[PDB]
Amino acid sequence: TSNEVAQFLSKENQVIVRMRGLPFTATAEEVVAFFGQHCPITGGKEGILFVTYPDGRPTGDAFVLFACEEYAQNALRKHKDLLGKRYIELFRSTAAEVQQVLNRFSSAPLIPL
């Protein structure tokens with residue numbers, strides 16, 4: 001959702017973490033649970049951007065917002081922890097990379113506003 005992407009990238013002073021390898025059935029609630037209260041996501045479920053194909057099919061990828069560097073460190077320590085049956089690879093990212101990744105899956109490129 002263009003409004004969803006825009007809302008996600010509008011949050012200032014965030015650290016972005018990329019999730020790779022998610023169960024295709026992964027939900028925002030499960031991602032919140034994966035990080036737990038020691039890595040609170042900015043906006044809760046609203047700080048989670050699932051990367052999807054144009055028809056909404058999942059990719060296995062997501063981005064999440066952390067407001068504090070301590071949260072990002074805690075989060076990165078969960079690299080290869082399980083969500084469901086699958087180990088989750090975690091990487092730091094940036095707004096520019098979020099844009100490039102989203103562009104990989106959309107018919108038209110993102111235009112930031």
# chains A, B, ... in the order shown; residues from 1 in each chain; ligands from 1

$ residues_around --residues "residue A:90" --least-positions-apart "2" --cutoff "9 Å" --atoms "only C-alpha atoms" --output "JSON, numbers by chain"
{"A": [17, 18, 19, 20, 75, 76, 77, 78, 79, 80, 88, 92]}

$ residues_around --residues "residue A:97" --least-positions-apart "3" --cutoff "12 Å" --atoms "only C-alpha atoms" --output "PyMOL selection string"
chain A and resi 9+16-18+63+91-94+100-104+110

$ select_by_dssp --residues "stretch 4-100 of chain A" --states "strand (DSSP E)" --output "list in words"
residues 15, 16, 17, 18, 19, 20, 48, 49, 50, 51, 52, 58, 59, 60, 61, 62, 63, 64, 65, 66, 82, 83, 86, 87, 89, 90, 91, 92 and 93 of chain A

$ residues_around --residues "residue A:48" --least-positions-apart "2" --cutoff "10 Å" --atoms "only C-alpha atoms" --output "ChimeraX atom specification"
/A:4-5,8,16-18,27-29,31-32,41-46,50-51,62-65

$ atom_distance --atom1 "atom CA of residue A:58" --atom2 "atom CA of residue A:95"
20.2 Å

$ atom_distance --atom1 "atom CA of residue A:53" --atom2 "atom CA of residue A:111"
17.5 Å

$ atom_distance --atom1 "atom CA of residue A:96" --atom2 "atom CA of residue A:12"
13.5 Å

$ select_by_dssp --residues "stretch 9-109 of chain A" --states "helix (DSSP H, G or I)" --output "number ranges by chain"
A: 9-10, 28-35, 44-47, 69-76, 95-105

$ residues_around --residues "residue A:54" --least-positions-apart "4" --cutoff "10 Å" --atoms "only C-alpha atoms" --output "ChimeraX atom specification"
/A:1,58,105-107

$ residues_around --residues "residue A:68" --least-positions-apart "2" --cutoff "8 Å" --atoms "only C-alpha atoms" --output "PDB file with N, CA, C and O atoms, in the first residue's frame"
ATOM      1  N   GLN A  14      14.816   6.737  12.801  1.00  0.00           N
ATOM      2  CA  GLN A  14      14.649   5.309  13.018  1.00  0.00           C
ATOM      3  C   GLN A  14      15.849   4.535  12.493  1.00  0.00           C
ATOM      4  O   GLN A  14      16.519   4.967  11.549  1.00  0.00           O
ATOM      5  N   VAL A  15      16.101   3.384  13.114  1.00  0.00           N
ATOM      6  CA  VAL A  15      16.970   2.351  12.562  1.00  0.00           C
ATOM      7  C   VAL A  15      16.070   1.329  11.891  1.00  0.00           C
ATOM      8  O   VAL A  15      15.086   0.874  12.488  1.00  0.00           O
ATOM      9  N   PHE A  66      13.060   0.579  14.470  1.00  0.00           N
ATOM     10  CA  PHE A  66      13.478   0.685  15.861  1.00  0.00           C
ATOM     11  C   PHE A  66      13.896   2.120  16.145  1.00  0.00           C
ATOM     12  O   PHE A  66      14.664   2.717  15.386  1.00  0.00           O
ATOM     13  N   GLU A  70      19.997   0.855  20.927  1.00  0.00           N
ATOM     14  CA  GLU A  70      19.966  -0.305  21.812  1.00  0.00           C
ATOM     15  C   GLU A  70      18.966  -1.341  21.324  1.00  0.00           C
ATOM     16  O   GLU A  70      19.230  -2.550  21.394  1.00  0.00           O
ATOM     17  N   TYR A  71      17.799  -0.885  20.851  1.00  0.00           N
ATOM     18  CA  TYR A  71      16.811  -1.815  20.314  1.00  0.00           C
ATOM     19  C   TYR A  71      17.370  -2.546  19.105  1.00  0.00           C
ATOM     20  O   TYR A  71      17.171  -3.755  18.951  1.00  0.00           O
ATOM     21  N   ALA A  72      18.045  -1.815  18.219  1.00  0.00           N
ATOM     22  CA  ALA A  72      18.592  -2.450  17.022  1.00  0.00           C
ATOM     23  C   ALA A  72      19.660  -3.471  17.379  1.00  0.00           C
ATOM     24  O   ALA A  72      19.730  -4.532  16.763  1.00  0.00           O
TER      25      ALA A  72
END

$ closest_residue --among "A:2, A:73, A:59, A:13" --to "residue A:112" --atoms "only C-alpha atoms"
A:2
